[PDB]
Each structure stands twice: as C-alpha cells, then as structure tokens.
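Here's the structure we're looking at; comments come further down.
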Amino acid sequence: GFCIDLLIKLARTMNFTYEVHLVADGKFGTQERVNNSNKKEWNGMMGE
Amino acid sequence: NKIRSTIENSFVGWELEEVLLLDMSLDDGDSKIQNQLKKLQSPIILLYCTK
C-alpha cells in the first residue's frame, strides 16, 4: 500500500534492508496502567 | 532514588522543587547554607539528617 511504497522509496536512498513484523495487539496504544501496580505502561503499538 | 521512582511511576501530579544537599559539617559554609535555606520555601518539605 501507501506506506510500503514510502519505505521502498526510503530504501533506494539509504542502503538498508527490512523485515516487516505486523502488530501482535492490533491497537495504537496509549498511556495505561500496568494492572499490577500504580505504574503506567505502554500497550498496543508503541510498546512494541 | 525511591522518591524519584515512585514520583515518575505515579499518575498523580507531584512536582519536586529542587533538592537540598547542603552539608553542615563544612567550615565557613554557614552563610551559604542560610542562603540556600532562604532560597527554598515550600509548603511540604522532607528531611534526611542525623539527630
């Protein structure tokens, strides 16, 4: 799709490889509690 | 370290206003200690010193 073509265009001027790994949670993720204590941890996308 | 870690991990709005680490065992530093004491003034302050 769109972003894939963008990264391909990036590759042709940066000389680097890639191995796509799709998300294991299916979410963008925000600041949420760790569900074990008062600490807040990242979930969803940005935690990966 | 414990104070900073529990402040950062907490979701509550705790705002630390500087850390005072003046040493009373030094010589001729009483004026500097008084200056630091005058500079710092907060409603809530914690202390860590000997008796």
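All residue names refer to the structure tokens as shown: chains lettered A, B, ... in order, residues numbered from 1 in each chain, ligands numbered from 1 in order.
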
Sort by chain and increasing residue number a table of all residues of range 9-48 of chain A within 12 Å of range 12-16 of chain B, each with its closest pair of atoms and their distance in Å to one decimal, counting only C-alpha atoms, and write it as JSON lines.
```
{"residue": "A:38", "atom": "CA", "partner": "B:12", "partner_atom": "CA", "distance": 9.7}
{"residue": "A:39", "atom": "CA", "partner": "B:12", "partner_atom": "CA", "distance": 10.6}
{"residue": "A:40", "atom": "CA", "partner": "B:12", "partner_atom": "CA", "distance": 10.9}
```

Mind dumping the selected residues with C-alpha atoms as an mmCIF file, in the first residue's frame?
```cif
data_model
loop_
_atom_site.group_PDB
_atom_site.id
_atom_site.type_symbol
_atom_site.label_atom_id
_atom_site.label_comp_id
_atom_site.auth_asym_id
_atom_site.auth_seq_id
_atom_site.Cartn_x
_atom_site.Cartn_y
_atom_site.Cartn_z
ATOM 1 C CA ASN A 38 0.336 2.202 40.098
ATOM 2 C CA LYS A 39 2.913 2.319 37.285
ATOM 3 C CA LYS A 40 1.669 3.355 33.841
#
```

Secondary structure check, helix (DSSP H, G or I) residues of chain A, as a PyMOL selection string: chain A and resi 2-11+44-47

Could you write out that same residue set with C-alpha atoms as an mmCIF file, in the first residue's frame?
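Ended up saving to part-v4.cif:
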```cif
data_model
loop_
_atom_site.group_PDB
_atom_site.id
_atom_site.type_symbol
_atom_site.label_atom_id
_atom_site.label_comp_id
_atom_site.auth_asym_id
_atom_site.auth_seq_id
_atom_site.Cartn_x
_atom_site.Cartn_y
_atom_site.Cartn_z
ATOM 1 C CA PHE A 2 0.904 3.639 0.536
ATOM 2 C CA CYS A 3 3.309 3.379 3.477
ATOM 3 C CA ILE A 4 5.007 0.344 1.925
ATOM 4 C CA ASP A 5 5.845 2.326 -1.213
ATOM 5 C CA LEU A 6 7.107 5.144 1.011
ATOM 6 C CA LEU A 7 9.505 2.804 2.809
ATOM 7 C CA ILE A 8 10.634 1.323 -0.513
ATOM 8 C CA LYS A 9 11.419 4.865 -1.679
ATOM 9 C CA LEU A 10 13.331 5.389 1.572
ATOM 10 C CA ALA A 11 15.311 2.199 0.923
ATOM 11 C CA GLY A 44 -0.667 -1.581 21.771
ATOM 12 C CA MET A 45 1.626 -0.209 19.094
ATOM 13 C CA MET A 46 4.262 1.993 20.736
ATOM 14 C CA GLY A 47 5.162 -0.625 23.352
#
```

Top pick for closest residue to chain B, considering A:30, A:37, A:15, A:43 and counting only C-alpha atoms: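 Using only C-alpha atoms, chain B sits closest to A:37.
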
DSSP strand (DSSP E or B) selection over chain A, as a VMD selection string: chain A and resid 31 to 33 40 to 42

Long-range neighbours of residue 41 in chain A as an NGL selection string, 10 Å cut-off, only C-alpha atoms, 6 positions minimum in chain: (:A and (29-35 or 47)) or (:B and (9))

Emit the selected residues as a CSV table (one decimal), in the first residue's frame, including N, CA, C and O atoms.
```csv
chain,number,residue,atom,x,y,z
A,29,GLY,N,-2.5,2.0,21.1
A,29,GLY,CA,-2.0,2.0,22.4
A,29,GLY,C,-1.7,3.4,23.0
A,29,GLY,O,-1.1,4.2,22.3
A,30,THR,N,-2.1,3.6,24.2
A,30,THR,CA,-1.9,4.9,24.9
A,30,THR,C,-1.3,4.6,26.3
A,30,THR,O,-0.9,3.5,26.6
A,31,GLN,N,-1.2,5.7,27.1
A,31,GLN,CA,-0.7,5.5,28.4
A,31,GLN,C,-1.7,4.9,29.3
A,31,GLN,O,-2.8,5.4,29.6
A,32,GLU,N,-1.5,3.6,29.8
A,32,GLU,CA,-2.4,2.9,30.6
A,32,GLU,C,-1.7,2.2,31.8
A,32,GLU,O,-0.4,2.1,31.7
A,33,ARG,N,-2.4,1.9,32.8
A,33,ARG,CA,-1.9,1.3,34.0
A,33,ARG,C,-1.3,-0.1,33.7
A,33,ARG,O,-1.8,-0.8,32.8
A,34,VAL,N,-0.3,-0.5,34.5
A,34,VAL,CA,0.3,-1.8,34.3
A,34,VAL,C,-0.5,-2.9,34.8
A,34,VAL,O,-0.1,-4.1,34.7
A,35,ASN,N,-1.6,-2.7,35.4
A,35,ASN,CA,-2.6,-3.7,36.0
A,35,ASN,C,-1.9,-4.5,37.1
A,35,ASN,O,-2.4,-5.6,37.5
A,47,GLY,N,4.4,0.3,22.5
A,47,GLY,CA,5.2,-0.6,23.4
A,47,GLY,C,6.0,-1.6,22.6
A,47,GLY,O,7.1,-1.9,23.0
B,9,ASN,N,6.7,6.9,38.4
B,9,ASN,CA,5.7,5.8,38.1
B,9,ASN,C,4.3,6.2,38.4
B,9,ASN,O,3.3,5.7,37.8
```

Just need the residues of chain B within 9 Å of chain A, counting only C-alpha atoms, so spit them out as an mmCIF file with N, CA and C atoms, in the first residue's frame.
```cif
data_model
loop_
_atom_site.group_PDB
_atom_site.id
_atom_site.type_symbol
_atom_site.label_atom_id
_atom_site.label_comp_id
_atom_site.auth_asym_id
_atom_site.auth_seq_id
_atom_site.Cartn_x
_atom_site.Cartn_y
_atom_site.Cartn_z
ATOM 1 N N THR B 6 9.058 6.509 42.562
ATOM 2 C CA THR B 6 7.631 6.496 42.862
ATOM 3 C C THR B 6 6.929 7.754 42.373
ATOM 4 N N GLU B 8 7.814 9.248 39.436
ATOM 5 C CA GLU B 8 7.704 9.054 37.993
ATOM 6 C C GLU B 8 6.664 7.995 37.649
ATOM 7 N N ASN B 9 6.655 6.879 38.382
ATOM 8 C CA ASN B 9 5.703 5.813 38.085
ATOM 9 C C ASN B 9 4.272 6.228 38.400
ATOM 10 N N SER B 10 4.088 7.142 39.348
ATOM 11 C CA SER B 10 2.751 7.570 39.730
ATOM 12 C C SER B 10 2.105 8.399 38.626
ATOM 13 N N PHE B 11 0.783 8.294 38.532
ATOM 14 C CA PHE B 11 -0.006 9.103 37.615
ATOM 15 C C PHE B 11 -0.493 10.397 38.251
#
```

Interatomic distance (Å, one decimal) between CA of residue 48 in chain B and CA of residue 25 in chain B: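 Between CA of residue 48 in chain B and CA of residue 25 in chain B the gap is 14.5 Å.
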
Point-to-point distance from CA of residue 7 in chain B to CA of residue 21 in chain B, Å rounded to tenths: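 CA of residue 21 in chain B lies 19.1 Å from CA of residue 7 in chain B.
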
Exercise: range 41-44 of chain B partners within 12 Å, only C-alpha atoms, chain neighbours under 2 positions left out, as a PyMOL selection string: chain B and resi 14-20+35-39+46-47

Å distance separating CA of residue 34 in chain B from CA of residue 3 in chain B, one decimal place: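 Here the two named atoms are 25.2 Å from each other.
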